[PDB]
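**Student:** let's see this in three dimensions:
(chains A, B, C, D, E, F, G and H)
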Amino acid sequence: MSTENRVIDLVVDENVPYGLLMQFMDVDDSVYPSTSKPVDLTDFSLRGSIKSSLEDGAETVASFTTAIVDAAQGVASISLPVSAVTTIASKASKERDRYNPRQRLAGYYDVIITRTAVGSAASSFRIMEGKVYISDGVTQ
Amino acid sequence: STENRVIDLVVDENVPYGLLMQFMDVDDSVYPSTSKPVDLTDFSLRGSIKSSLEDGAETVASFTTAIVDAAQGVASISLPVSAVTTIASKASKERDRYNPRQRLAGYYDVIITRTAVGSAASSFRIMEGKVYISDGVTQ
Amino acid sequence: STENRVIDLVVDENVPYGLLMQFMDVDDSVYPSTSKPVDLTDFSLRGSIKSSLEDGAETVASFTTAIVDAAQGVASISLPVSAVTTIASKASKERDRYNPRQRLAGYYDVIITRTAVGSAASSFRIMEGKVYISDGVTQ
Amino acid sequence: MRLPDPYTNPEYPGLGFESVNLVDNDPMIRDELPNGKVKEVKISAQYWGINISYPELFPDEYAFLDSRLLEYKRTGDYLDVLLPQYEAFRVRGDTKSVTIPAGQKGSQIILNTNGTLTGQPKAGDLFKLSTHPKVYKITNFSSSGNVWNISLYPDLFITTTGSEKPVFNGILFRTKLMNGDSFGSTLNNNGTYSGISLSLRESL
Amino acid sequence: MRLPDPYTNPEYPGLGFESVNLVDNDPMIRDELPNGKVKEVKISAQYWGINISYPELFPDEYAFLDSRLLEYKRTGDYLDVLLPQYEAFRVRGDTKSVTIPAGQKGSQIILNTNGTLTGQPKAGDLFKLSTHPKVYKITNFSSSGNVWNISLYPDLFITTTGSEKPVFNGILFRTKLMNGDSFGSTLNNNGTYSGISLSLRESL
Amino acid sequence: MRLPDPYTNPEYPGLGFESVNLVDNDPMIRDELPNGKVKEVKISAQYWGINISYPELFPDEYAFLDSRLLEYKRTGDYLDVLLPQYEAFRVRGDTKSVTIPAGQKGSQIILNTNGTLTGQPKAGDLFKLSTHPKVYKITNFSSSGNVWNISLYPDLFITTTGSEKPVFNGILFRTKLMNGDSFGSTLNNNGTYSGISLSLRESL
Amino acid sequence: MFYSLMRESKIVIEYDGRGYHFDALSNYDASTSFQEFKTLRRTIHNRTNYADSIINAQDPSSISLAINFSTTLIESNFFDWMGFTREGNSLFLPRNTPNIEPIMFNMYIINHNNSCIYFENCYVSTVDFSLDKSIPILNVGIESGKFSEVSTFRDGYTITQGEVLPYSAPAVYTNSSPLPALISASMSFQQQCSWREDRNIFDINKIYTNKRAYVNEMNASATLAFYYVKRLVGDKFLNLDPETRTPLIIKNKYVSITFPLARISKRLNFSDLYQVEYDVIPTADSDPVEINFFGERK
Amino acid sequence: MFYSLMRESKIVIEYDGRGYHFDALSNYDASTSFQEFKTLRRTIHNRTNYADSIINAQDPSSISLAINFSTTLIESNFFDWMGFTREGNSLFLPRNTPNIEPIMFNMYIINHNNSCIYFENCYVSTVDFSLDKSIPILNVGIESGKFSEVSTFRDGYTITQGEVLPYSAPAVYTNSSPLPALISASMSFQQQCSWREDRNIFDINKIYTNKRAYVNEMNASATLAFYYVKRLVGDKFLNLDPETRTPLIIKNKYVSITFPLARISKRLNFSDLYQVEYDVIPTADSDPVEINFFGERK
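**Tutor:** Numbers count the residues shown, from 1 in each chain, chains lettered A, B, ... in the order given. See the structure here:
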């Protein structure tokens, strides 16, 4: 669980604006089971990006247009428009997944949350990572 | 030291690193969960990272240590973003076929020490292992 | 039970070493074994670290015995950081199989002794094994 | 006195209930009318009954246990027990600054925490007044800010005098043994006392 | 008050009825003459007896069930029991425009449905009046136009006043929990409660 | 007279106690008032009941055991029974220089050891006076210097005359064999005797 | 049409909303079945020949996986899911079982053409591996409550097992004194749960699937096989007497199972070359059993 | 160090203070083990995971020897020790079991470097050999109560088995009329004793070893396999009817087991060539069963 915990995969659907809804919540388990409270997300900015490969020279195929829908309650949203989805689909590998032919590899992604504030606690964390896949479509 | 307690640190690229310890001695013979946070007053931990596990190795980075809470037992081992960038520059490029995000940077240790008047050197090693860099794309 | 005198010591490079022996006398006549500690009177411990068992082997270092809290039986064996450096200097360049940080530095054994407590020199070996240096990174 | 258990004596893990039976004993004048209606009148006091079963006890653990039980039989006092399934510490805080207004009888009770307690006692948990040794059982809970309205299965044996303090943790049943007259322990060739069990019964 | 079942509370699947036992209790004085003729005499009423069995119960399921049972024993209410096998919906419509002629004290209900009800009740189903809690079983049913001729096993416990309304669906047994004088449940060392049984009796 | 055990007679290993049963027999008159208060009354004495079970016995083992039992029944003596689990030697020394103040008729022995005894007795051990055959169990022990405060389960069956001497080790139960009215043992076709049980009672 | 080949499959375990695709899988075995209630109502009126069988429950599935050790140590999550407490890369056997119910997770067995079998309410009930002169492999055994066929699924693109760890000879120690003439060290860990069948009359005319279970016990065990070797006449260290408490460790270059205090029973076989067999279990008051997972360079 | 090879061993049986070294031993098998009392005290307070196991008894050992026939006939002592009465070189099955307890003896399994395993309180519980078209060999089965490791031992330098007897074809007779078409004559003799466990509370905290046993029964049995052969139509001598009493003898050039009166049950198998199988036991009032041991020249 060194890195296994903060990694999930996203599959953006072609010809559809992709929007992922996130809900931060401070869950307390060590002290006592079944205790969870939302994280006050004021001043907790988000930013993410997608690249084709992990090399030093990599192409920025897209970038999430993150937004904090609710300042309190720890609700945030990372989303990208239809043009970004089309760019990802065009700039994706032609090798199809065998177990799911509609999915093809697009690239890698990360999400960093920057809690810049007046208090000298301008920390940064990488809360997400993984691979980005494109699911082909025909309805156009 | 603790040869059986080796843990490999993972530092994210483009992100300042932070790791916090808790020195908290226990005695559960009287009753389970009898743990008292150790006073860390006049304790100063320090460490380093070197490329190879031998003499003459080139130092990669030194952790910016601190004592967050004295007498509460919460120490912190950390280093800023520029040091992480230096580690990423110095890290090897033998990427694994199935963990293409992690590269080996070097080996690390940190030593806690007592600098109390009326006492002597009490250096002791508490961490040991390797430093792995996780690649990043969002910069 | 039987005998377990053979235990291997892993000392850390660049860090002073100190071991704390809680001497004890367990007896299993009664089902809850008696926790009576031995009483440390007229007791001295001696231990040298010598590379290999062959005769004439050079003395790599020598343990420094400390006797504290004689009533409850505990005792301490230690050696300064300079002794640690002298040990690490003569250690072999081949590393242990299970840990790529340890290197065989020599052999050791500590010998308890009663000096005319009853007009008898009742000295017998306590423990034994191999001493392993663990290469550090901090210095 | 206190019945030994792994909480009081952790060095004896053999002590501790292998299975505990918490029975409800409310005598009632039940009458089955010829028209189909069942009429029952509660007159006799209710009392919790505790049936404790012990696992294989080694000779030293049984020596401690029967020493404590024989001290009970000798000095003649009551024997307190602490059921561990009801030891979920769901209410933090100190209850000295909690006032229970006087003149309250029946199942319902009203107590004012004055903004001191943290945690909500859910239904099914135990409850006990500071003065009287009776042990109740919360059946429903409803709070309006600081004031708490608790409904207890057995009606309050004594009317609150305005000084009784709530006890939401560490509740002990003031019980009496019911197996004392003929209490035998068998020793096996394996070296353990097998089938040790107690039939306790709350007194008053 | 409704007994918890996996209709209202499906989050506790252990609260389902592992096996129900609908007992027909109609005490009679039966005498057998030497001439081979057996003679019976009926005075007392007939009451439906329901016996519920339960599987091993987790702490939360037992907590909910015990809280409900203690609430029952506190308020002295009447447990309502729903049998799924008797919940086949045949008669549908409004039961307010149907009229029952008064003065019917036998073992047979004659009602004019006034064409407001669709379907027909089947023999062996459960039938109940809206003004009395006793539950009846339809032993025979003949329909001649809009007037229905429903035959019931228990003799009508009330004389119809003309305001009663037949109830065919959603019928509950207004039971009272027997064996509550000594009610308990043993908690095993694995955390599950075992040995829980509800002997209920229809206290109309 | 001593009951044959594999201490005195190890050549007959079948004479060992396969399972002992130390029964606490203290008859009391227990009455439960309707107000929930259980009340007890004690008049009769407490007697330790010992039940011995045996495995299959070879002809020589049974011959020895039967000869001893018939010698008992002939001379009308008292069988002495030794329990190995109660033979832990804690208190060692001379019990003749220790003094017990007279007039002690309660359930507690205060004795001045006069520094002649090493070690301390443990709770739950077996204790006995030198002038009476009744066997006591130590329920509590507090030592303040040389004077010991030993607490015993059975109330002192004698009033100390000042000449009694405490006995901690080598304690035997002066039992009398019950169920001797119909005492037998079946001999199987394979030559071994089976079905031998000794129900002994402490006849002080 | 589409046939389903075992070699063309992918097993993904769904826990906490993340897919753990367990690559480096040597072999897996699974089966699905249903429970029936078949009664024959032969009467004096009609001595019938046709039974009254209705399918009313899903028999719990027993899935067994054989997984090679890997450099990313995803396989230690099986110890993590089975109940062991975690500190760093070492797994402790807790003194007491933490919770009444086990840790439940879902599992997918993916195949080509959107074909899948969805096992739900699974728990890890057995994990055992033999440290021997062949490549170590841990056979895990999980039990499911409900199986289903689904079109879309969860596929662990990122969370996957790395390269298999190179072979390294096992060695068992007492403190630091090696035990000579090792043959095969087999370790076994279990979470002996039990299904709580709550099939009731409200499930009549419906298919019932087991959902909840409770832990009867957890344990750690090891069977050690040696050659009967003695160094002295009347030796004290190596003999057949039982050892009530002795510190033992079955060590490898990549894994080390530690018994702080062990109860050893010995068994001698007069075979072609005499072999002694140990039966190692932790004692009553022993400290938690350790299981370290070293990826590379310890 | 010193390994222990089965081929480099010597089995000496100690009876009456004399060592009977049983050479001409084809193969032997033995095992030693201990009995444990392992209970898990899971309580509502602490649902523990660590058992309470104590070793308190030695499981009785089951040693099996396969011994070739020899010219000095030391192997007949196994019949002698198992309970048969002796007259000359012939062993009788007594009408009644002589004593309640069997004949106890100790056994050593010697090996190089003063290594030994000492089985004590042994008794011969089974002896069976098959007279067939292969070299006859009698597999004896003894049960021990206590096993131990000793430094010095007893070695039978003089009392030893001679050269193995040459093969000779078996033949079964009725009086003096041969029975045709023999396949395999298997003889079985047993002393079905039982251990009398007397583990009591005085043995707590000690290892218990079985010491005394009693004889449930002795018996002599033989299973004869023939080919279904008939010489006449409706033959009377050779058929499938049971024979309540008939004198039988399974004879060889070096051994002859005699049943003065036998109870024969027949069983026909419709195999490739029809085979009948006998089940020969002595009758109720039959004279003692004979077992003659001819070394050479009868």
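**Student:** run through the helices of the stretch 101-250 of chain G in chain order.
**Tutor:** Read by DSSP state H, counting those that start in this stretch, the stretch 101-250 of chain G holds no helices at all.
**Student:** show me where the chain has its helices.
**Tutor:** Just so you know, I chose chain A. Counting by DSSP state H, chain A has helices at residues A:82-90.
**Student:** chain D is the one I meant
**Tutor:** Listed in chain order, the helices of chain D (DSSP H) span D:59-75.
**Student:** would you mind naming what in chain A lies close to chain B?
**Tutor:** A:2-3, A:47-51, A:54, A:58, A:63, A:107-112, A:123-126, A:129 (CB under 8 Å from any CB of the partner chain). Placement of C-beta: from N, CA and C, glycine included.
**Student:** drop anything exposed from those.
**Tutor:** Neighbour counting with 16 or more other CB atoms under 10 Å in any protein chain shown marks A:2-3, A:47-51, A:54, A:58, A:107-112, A:124-126, A:129 as buried within the residues of chain A next to chain B.
**Student:** can you tell me which of these are in strands?
**Tutor:** A:47-51, A:107-112, A:124-126, A:129 (DSSP state E).
**Student:** kindly indicate which of the residues you listed lies nearest chain C.
**Tutor:** Distance to chain C across these (CB to the nearest CB) is lowest for residue A:126, with 25.7 Å.
**Student:** so that closest one makes contact with residue A:3?
**Tutor:** No: if you go by CB atoms under 8 Å, residue A:126 and residue A:3 don't touch, sitting 9.6 Å apart.
**Student:** what residues do these two have in common as contacts?
**Tutor:** residue B:134 (CB atoms under 8 Å, 6 or more residues apart in numbering or on different chains).
**Student:** quickly check: stretch A:43-57 near chain G or not.
**Tutor:** No: on the criterion CB under 8 Å from any CB, stretch A:43-57 is out of touch with chain G, staying 12.1 Å away.
**Student:** how about that stretch as CSV, C-alpha atoms only?
**Tutor:** Output in CSV follows, covering the C-alpha atoms of stretch A:43-57 (Å, rounded to 0.1, in the frame of the first residue of the first chain):
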residue,chain,number,x,y,z
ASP,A,43,-8.3,27.4,-0.3
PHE,A,44,-7.7,23.8,-1.5
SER,A,45,-7.0,24.4,-5.2
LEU,A,46,-6.8,21.5,-7.6
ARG,A,47,-4.9,21.0,-10.9
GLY,A,48,-4.2,18.0,-13.1
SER,A,49,-2.8,17.1,-16.5
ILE,A,50,-2.5,14.2,-18.9
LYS,A,51,0.6,13.1,-20.9
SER,A,52,1.2,10.4,-23.4
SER,A,53,4.3,8.9,-21.8
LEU,A,54,6.4,9.2,-18.6
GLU,A,55,9.6,10.3,-20.3
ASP,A,56,11.1,13.7,-19.7
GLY,A,57,9.9,15.0,-23.0
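**Student:** roughly how far is that stretch from the heart of the chain?
**Tutor:** 9 Å (CA atoms, centre = their mean, to the nearest Å).
**Student:** who's in contact with it?
**Tutor:** Applying CB under 8 Å, 6+ apart, the contact partners of stretch A:43-57 are A:24, A:58-64, A:66-68, A:76, A:78, A:88, A:91, A:106-117, A:128, A:132, B:95, B:100-101, B:135, B:137-139.
**Student:** hmm, 6 Å instead?
**Tutor:** Applying CB atoms under 6 Å, 6 or more residues apart in numbering or on different chains, the contact partners of stretch A:43-57 are A:58-64, A:66, A:76, A:78, A:107-109, A:111-115, A:117, A:132, B:100, B:135, B:137-138.
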